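For reference, the chain that follows is the form deposited in one PDB entry, supplied as structure tokens.
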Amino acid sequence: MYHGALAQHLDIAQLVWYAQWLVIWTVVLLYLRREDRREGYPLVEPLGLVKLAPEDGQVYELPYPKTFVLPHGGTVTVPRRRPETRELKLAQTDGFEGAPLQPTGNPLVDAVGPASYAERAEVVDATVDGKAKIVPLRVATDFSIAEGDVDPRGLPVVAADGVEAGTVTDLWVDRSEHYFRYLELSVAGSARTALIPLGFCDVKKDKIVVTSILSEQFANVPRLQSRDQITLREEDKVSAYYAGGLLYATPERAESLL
């Protein structure tokens, strides 16, 4: 006789092969694939002239809502109906459902395509002890540039067009993670600062090079509402602005690379 044999032809391992697969597709389809839908759902579409259905599939694919209780108060519940009310300066290029949109204005300031931001909270991100998390070193006094690295305060910022566009006046530090995230510059010939996320900066010894945008375009970089604070949504606006330069700073940038 054999250990594991169950019937004429049928044994333990063989049955477990079936359970293994079932456990896998269950977790993937019924759990993980529904957790994947806590943002962005339900899918938006054209609308019907007459429709009345709590459309079944849109119910079935969603998990039950979860609520995060936020560290510094409040809650957030996902999924949730999170429609984009903001107007978009875009026009359909051709008619069909799959056609790309074109900006009808200045995509950089219109914030469309790679220049878009998320409708994040207009709140200042906090450290664990309640303070503003991302602040200029003018404020973040107990913070410093590590010995060995370029201090950029003083250096010229040089835009894609080869032209000096301003002068670095400060670094903003993340006091939760001890990590610089933006440079602040006095914009040339303007009475404004601009933050520029450190990822858009090639830090040289003698200058800071920014290839995302021409010097012209620094003028319209998003402005913060205060000066020593930045909100989650502002961070998004500032970051998106330069990102949009990568496709939009000049006319040929959207076109075929080669």
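Here, rigid core means the biggest group of C-alpha atoms that superpose within 1.5 Å across both forms. A residue's number is simply how far along the shown sequence it sits, counting from 1.
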{"item": "Residue 56 dropped in a third or more of the other entries", "value": "yes"}
{"item": "Gap at residue 213 across at least one third of the other PDB entries", "value": "no"}
{"item": "Mean Cα B-factor comparison, 117-125 or 184-192, giving the higher one as deposited", "value": "184-192"}
{"item": "Residue stretch of maximal mean CA temperature factor, 160-168 vs 94-102", "value": "94-102"}
{"item": "Maximum C-alpha temperature factor, selected from 40, 197, 57, 48", "value": "48"}
{"item": "Options 27, 70, 52, 210 - largest CA temperature factor per the record", "value": "52"}
{"item": "Lowest, middle or highest third - CA B-factor, residue 136", "value": "middle"}
{"item": "CA B-factor placement of residue 243, once the chain's modelled residues are sorted into thirds", "value": "lowest"}
{"item": "Cα B factor band for residue 10 (lowest, middle or highest third within the chain)", "value": "highest"}
{"item": "Residue 107 - which third its CA temperature factor falls in, relative to the rest of the chain", "value": "middle"}
{"item": "Relative C-alpha B-factor of residue 152, binned into the chain's lowest, middle or highest third", "value": "highest"}
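Here the subject shifts to the form deposited in another entry, a form of this protein not shown in this document.
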| query | finding |
| --- | --- |
| Shifted position (C-alpha, 2 Å or more, core held fixed) between the shown form and the other one, chosen from 131, 138, 86, 178 | 86 |
| Threshold 2 Å Cα movement between the shown form and the other one for residue 95, core superposed | yes |
| Sense of CA distance change between residue 232 and residue 80 in the other form, threshold 3 Å | closer |
| Relative Cα spacing, residue 82 and residue 37, in the other form - shift of 3 Å or more | farther |
